[PDB]
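Asks: The structure file work_2.tsv (TSV, C-alpha atoms) is provided below.
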chain	number	residue	atom	x	y	z
C	1	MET	CA	16.28	-2.65	-25.12
C	2	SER	CA	14.84	-1.08	-28.33
C	3	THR	CA	12.36	1.68	-27.24
C	4	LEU	CA	12.78	5.15	-25.64
C	5	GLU	CA	10.33	4.53	-22.74
C	6	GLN	CA	12.29	6.82	-20.33
C	7	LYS	CA	12.29	9.64	-22.97
C	8	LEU	CA	8.46	9.40	-23.06
C	9	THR	CA	8.50	9.84	-19.22
C	10	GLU	CA	10.82	12.90	-19.66
C	11	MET	CA	8.54	14.41	-22.41
C	12	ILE	CA	5.45	14.02	-20.10
C	13	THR	CA	7.35	15.35	-17.00
C	14	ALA	CA	8.50	18.69	-18.52
C	15	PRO	CA	4.95	20.06	-19.40
C	16	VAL	CA	3.50	18.92	-16.00
C	17	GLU	CA	6.40	20.52	-14.05
C	18	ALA	CA	5.90	23.73	-16.15
C	19	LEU	CA	2.14	23.55	-15.19
C	20	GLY	CA	3.10	24.05	-11.47
C	21	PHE	CA	2.89	20.44	-10.10
C	22	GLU	CA	5.32	18.86	-7.56
C	23	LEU	CA	4.87	15.07	-8.01
C	24	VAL	CA	4.70	13.43	-11.45
C	25	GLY	CA	5.57	9.72	-11.94
C	26	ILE	CA	4.86	6.68	-14.20
C	27	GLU	CA	4.59	2.90	-14.24
C	28	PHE	CA	4.65	0.79	-17.48
C	29	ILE	CA	2.41	-2.32	-17.88
C	30	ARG	CA	3.44	-5.02	-20.42
C	31	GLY	CA	0.53	-5.92	-22.76
C	32	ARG	CA	-0.46	-6.34	-26.44
C	33	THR	CA	-1.41	-2.64	-26.06
C	34	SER	CA	1.17	-0.79	-23.89
C	35	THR	CA	-0.46	0.72	-20.74
C	36	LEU	CA	0.96	3.64	-18.72
C	37	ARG	CA	-0.32	4.56	-15.21
C	38	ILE	CA	0.39	8.15	-14.03
C	39	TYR	CA	0.78	9.38	-10.44
C	40	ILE	CA	0.36	13.18	-9.94
C	41	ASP	CA	0.17	15.72	-7.05
C	42	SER	CA	0.78	19.44	-6.12
C	43	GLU	CA	1.92	21.68	-3.22
C	44	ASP	CA	-1.19	23.91	-3.85
C	45	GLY	CA	-4.04	21.48	-2.89
C	46	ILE	CA	-5.37	20.45	-6.37
C	47	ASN	CA	-8.19	17.82	-6.50
C	48	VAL	CA	-7.89	14.41	-8.30
C	49	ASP	CA	-10.76	15.29	-10.72
C	50	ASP	CA	-8.81	18.39	-11.89
C	51	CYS	CA	-5.59	16.27	-12.00
C	52	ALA	CA	-7.60	14.01	-14.40
C	53	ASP	CA	-8.33	17.13	-16.61
C	54	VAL	CA	-4.52	17.75	-16.68
C	55	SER	CA	-4.10	13.97	-17.40
C	56	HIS	CA	-6.52	14.36	-20.38
C	57	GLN	CA	-3.85	16.69	-21.90
C	58	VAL	CA	-1.21	13.98	-21.06
C	59	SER	CA	-3.37	11.52	-23.10
C	60	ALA	CA	-3.43	14.08	-26.01
C	61	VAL	CA	0.44	14.35	-26.23
C	62	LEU	CA	0.69	10.52	-25.85
C	63	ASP	CA	-1.89	10.02	-28.70
C	64	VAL	CA	0.30	12.02	-31.21
C	65	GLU	CA	3.68	10.60	-30.08
C	66	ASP	CA	2.65	7.10	-31.29
C	67	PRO	CA	-0.26	7.40	-33.81
C	68	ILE	CA	-0.45	3.84	-35.28
C	69	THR	CA	-4.00	2.37	-34.90
C	70	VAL	CA	-4.59	1.81	-31.09
C	71	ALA	CA	-1.15	1.13	-29.49
C	72	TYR	CA	-1.50	3.06	-26.17
C	73	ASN	CA	-3.64	3.19	-22.96
C	74	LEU	CA	-3.44	5.51	-19.88
C	75	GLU	CA	-4.68	5.15	-16.26
C	76	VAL	CA	-4.68	7.98	-13.59
C	77	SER	CA	-3.88	7.76	-9.81
C	78	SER	CA	-2.70	9.35	-6.52
C	79	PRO	CA	0.25	8.00	-4.33
C	80	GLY	CA	-2.29	6.18	-2.06
C	81	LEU	CA	-1.72	4.33	1.25
C	82	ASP	CA	1.12	2.27	-0.37
C	83	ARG	CA	3.89	4.96	0.07
C	84	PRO	CA	6.87	4.96	2.56
C	85	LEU	CA	6.68	7.20	5.68
C	86	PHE	CA	8.82	10.29	6.64
C	87	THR	CA	6.80	13.12	8.32
C	88	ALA	CA	6.71	13.82	12.12
C	89	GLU	CA	2.90	14.34	12.00
C	90	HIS	CA	2.34	11.11	9.96
C	91	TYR	CA	4.37	8.87	12.35
C	92	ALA	CA	1.76	10.11	14.92
C	93	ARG	CA	-1.28	9.32	12.60
C	94	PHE	CA	-0.04	5.68	12.43
C	95	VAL	CA	0.42	4.73	16.11
C	96	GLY	CA	-0.88	1.18	16.90
C	97	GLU	CA	0.83	-0.12	13.68
C	98	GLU	CA	3.85	-2.35	12.94
C	99	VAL	CA	6.53	-0.57	10.81
C	100	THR	CA	9.83	-1.67	9.19
C	101	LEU	CA	12.69	0.88	8.87
C	102	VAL	CA	16.43	1.61	8.17
C	103	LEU	CA	18.71	4.20	9.93
C	104	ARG	CA	20.81	7.16	8.59
C	105	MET	CA	23.66	7.16	11.17
C	106	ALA	CA	24.54	3.54	10.16
C	107	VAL	CA	26.47	2.06	7.15
C	108	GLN	CA	25.75	-1.16	5.12
C	109	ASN	CA	25.57	-4.40	7.19
C	110	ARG	CA	23.26	-2.37	9.51
C	111	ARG	CA	19.96	-4.10	10.47
C	112	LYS	CA	16.57	-3.68	8.85
C	113	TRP	CA	14.29	-3.08	11.86
C	114	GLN	CA	10.65	-4.15	12.50
C	115	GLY	CA	8.38	-3.29	15.49
C	116	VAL	CA	5.19	-1.53	16.81
C	117	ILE	CA	4.72	2.29	17.02
C	118	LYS	CA	3.01	3.39	20.31
C	119	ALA	CA	3.40	7.23	20.66
C	120	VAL	CA	5.45	10.11	19.09
C	121	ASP	CA	6.68	12.81	21.54
C	122	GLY	CA	8.84	15.52	19.92
C	123	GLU	CA	11.31	13.79	17.53
C	124	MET	CA	11.44	10.66	19.77
C	125	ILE	CA	9.21	7.87	18.40
C	126	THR	CA	8.35	5.32	21.17
C	127	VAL	CA	8.22	1.66	20.08
C	128	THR	CA	8.22	-2.08	20.92
C	129	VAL	CA	11.10	-3.90	19.06
C	130	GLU	CA	11.91	-7.64	19.49
C	131	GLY	CA	9.51	-7.49	22.54
C	132	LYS	CA	11.43	-4.61	24.34
C	133	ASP	CA	10.23	-0.99	24.87
C	134	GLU	CA	12.72	1.13	22.80
C	135	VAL	CA	13.03	4.58	21.03
C	136	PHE	CA	13.97	6.00	17.58
C	137	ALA	CA	14.90	9.59	16.59
C	138	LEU	CA	12.71	10.41	13.52
C	139	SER	CA	15.56	12.44	11.85
C	140	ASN	CA	17.77	9.28	12.09
C	141	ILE	CA	15.20	7.27	9.99
C	142	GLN	CA	16.36	7.03	6.31
C	143	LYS	CA	13.29	4.97	5.14
C	144	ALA	CA	10.19	3.42	6.81
C	145	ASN	CA	7.27	1.23	5.51
C	146	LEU	CA	3.97	0.17	7.20
C	147	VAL	CA	3.23	-3.54	7.98
C	148	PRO	CA	-0.41	-4.85	8.25
C	149	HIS	CA	-1.69	-7.14	11.07
C	150	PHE	CA	-1.68	-10.94	10.58
C	151	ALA	CA	-5.10	-12.58	9.82
What does this structure look like when you write it as structure tokens?
Replies:
Amino acid sequence: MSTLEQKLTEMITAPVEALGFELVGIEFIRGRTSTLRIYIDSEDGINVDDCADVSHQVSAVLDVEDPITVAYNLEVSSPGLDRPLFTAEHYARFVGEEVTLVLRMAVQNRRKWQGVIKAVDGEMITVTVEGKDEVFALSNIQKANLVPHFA
């Protein structure tokens, strides 16, 4: 509405991309004191403690952008377990799980699918869907997300 919150994300992204990182992302948290949480990662294998030394420089540019009393807070994270799934090796890590997905060869008014992953041979994931033994081509998946067991 009134504040350049996306321009602050741009101004934090450009130094971190010029530092040789591959993932840099933000969430905003509404509060009396505004609170950012940063997500960061590399292609080159950099540890989360050293990512928090880079994030200490992110706190230093944030601290001079808005300097009035204490109006800002910053938390630091990795992309976690909570991310969608794409890689051929990772579909194989997560056999024995229920997954929900959408397909690339199809147009809107296609189904959203849900079912159990059993084995991954080549590009052909092997699955149970609506109680039937079925298959998916992993290059035909456009998005997938993991589902936990009922308890």
Asks: Between C:88, C:141, C:70, C:38, which residue has the minimum interatomic distance to residue C:113, considering only C-alpha atoms?
Replies: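 With only C-alpha atoms as the atom set, the closest residue is C:141.
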Asks: Measure the distance from atom CA of residue C:86 to atom CA of residue C:133 in Å and round it to one decimal.
Replies: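 Computed distance, atom CA of residue C:86 to atom CA of residue C:133, equals 21.5 Å.
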Asks: To one decimal place, how far is atom CA of residue C:51 from atom CA of residue C:63 in Å?
Replies: 18.2 Å
Asks: If we count all atoms listed in the file, what is near residue C:12 at a cut-off of 10 Å, once residues fewer than 4 positions away on the same chain are taken out, given as a CSV table (one decimal) with C-alpha atoms, in the coordinates of the input?
Replies:
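part-v1.csv, freshly written:
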chain,number,residue,atom,x,y,z
C,6,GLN,CA,12.3,6.8,-20.3
C,7,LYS,CA,12.3,9.6,-23.0
C,8,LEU,CA,8.5,9.4,-23.1
C,16,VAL,CA,3.5,18.9,-16.0
C,17,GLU,CA,6.4,20.5,-14.0
C,24,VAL,CA,4.7,13.4,-11.4
C,25,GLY,CA,5.6,9.7,-11.9
C,26,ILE,CA,4.9,6.7,-14.2
C,38,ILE,CA,0.4,8.2,-14.0
C,55,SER,CA,-4.1,14.0,-17.4
C,57,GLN,CA,-3.8,16.7,-21.9
C,58,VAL,CA,-1.2,14.0,-21.1
C,59,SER,CA,-3.4,11.5,-23.1
C,61,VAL,CA,0.4,14.4,-26.2
C,62,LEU,CA,0.7,10.5,-25.8
Asks: Choose the residue, out of C:2, C:9, C:73, C:114, that has the smallest atom-to-atom separation from residue C:33; count all atoms listed in the file.
Replies: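 Of C:2, C:9, C:73, C:114, the one nearest residue C:33 is C:73, counting all atoms listed in the file.
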Asks: Restricting the calculation to all atoms listed in the file, which member of C:126, C:145, C:139, C:13 is positioned closest to residue C:98?
Replies: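 Checking each of C:126, C:145, C:139, C:13 against residue C:98, counting all atoms listed in the file, the winner is C:145.
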Asks: Which one is closest to residue C:89: C:64, C:115, C:121, C:72? Count all atoms listed in the file.
Replies: C:121
Asks: Mind filling out stretch 53-73 of chain C with N, CA and C atoms and sending it as a short mmCIF file (atom, residue, chain, number, x, y, z; two decimals), in the coordinates of the input?
Replies:
data_model
loop_
_atom_site.label_atom_id
_atom_site.label_comp_id
_atom_site.auth_asym_id
_atom_site.auth_seq_id
_atom_site.Cartn_x
_atom_site.Cartn_y
_atom_site.Cartn_z
N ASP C 53 -8.23 16.17 -15.50
CA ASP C 53 -8.33 17.13 -16.61
C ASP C 53 -6.94 17.53 -17.14
N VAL C 54 -5.93 17.64 -16.27
CA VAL C 54 -4.52 17.75 -16.68
C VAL C 54 -4.06 16.45 -17.37
N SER C 55 -4.43 15.29 -16.82
CA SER C 55 -4.10 13.97 -17.40
C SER C 55 -4.79 13.72 -18.74
N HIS C 56 -5.91 14.39 -19.05
CA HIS C 56 -6.52 14.36 -20.38
C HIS C 56 -5.63 15.04 -21.43
N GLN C 57 -4.89 16.09 -21.05
CA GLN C 57 -3.85 16.69 -21.90
C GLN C 57 -2.64 15.76 -22.05
N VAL C 58 -2.25 15.02 -20.99
CA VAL C 58 -1.21 13.98 -21.06
C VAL C 58 -1.58 12.88 -22.07
N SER C 59 -2.86 12.45 -22.08
CA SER C 59 -3.37 11.52 -23.10
C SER C 59 -3.30 12.11 -24.52
N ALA C 60 -3.46 13.43 -24.69
CA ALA C 60 -3.43 14.08 -26.01
C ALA C 60 -2.00 14.15 -26.60
N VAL C 61 -0.97 14.41 -25.79
CA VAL C 61 0.44 14.35 -26.23
C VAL C 61 0.90 12.91 -26.46
N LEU C 62 0.43 11.95 -25.65
CA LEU C 62 0.69 10.52 -25.85
C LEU C 62 0.11 10.01 -27.19
N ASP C 63 -1.14 10.42 -27.50
CA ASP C 63 -1.89 10.02 -28.70
C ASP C 63 -1.22 10.46 -30.02
N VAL C 64 -0.47 11.57 -30.02
CA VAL C 64 0.30 12.02 -31.21
C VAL C 64 1.76 11.58 -31.25
N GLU C 65 2.31 11.17 -30.10
CA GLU C 65 3.68 10.60 -30.08
C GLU C 65 3.64 9.31 -30.90
N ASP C 66 2.84 8.33 -30.47
CA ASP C 66 2.65 7.10 -31.29
C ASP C 66 1.24 7.13 -31.87
N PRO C 67 1.06 7.29 -33.20
CA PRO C 67 -0.26 7.40 -33.81
C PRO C 67 -0.74 6.17 -34.60
N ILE C 68 -0.09 5.01 -34.43
CA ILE C 68 -0.45 3.84 -35.28
C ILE C 68 -1.63 3.07 -34.69
N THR C 69 -2.80 3.14 -35.33
CA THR C 69 -4.00 2.37 -34.90
C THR C 69 -4.29 2.60 -33.41
N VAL C 70 -4.41 1.58 -32.56
CA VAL C 70 -4.59 1.81 -31.09
C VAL C 70 -3.45 1.10 -30.34
N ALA C 71 -2.32 1.78 -30.13
CA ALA C 71 -1.15 1.13 -29.49
C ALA C 71 -0.93 1.62 -28.05
N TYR C 72 -1.79 2.49 -27.52
CA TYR C 72 -1.50 3.06 -26.17
C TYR C 72 -2.74 3.13 -25.27
N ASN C 73 -2.53 3.06 -23.95
CA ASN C 73 -3.64 3.19 -22.96
C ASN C 73 -3.09 3.96 -21.75
#
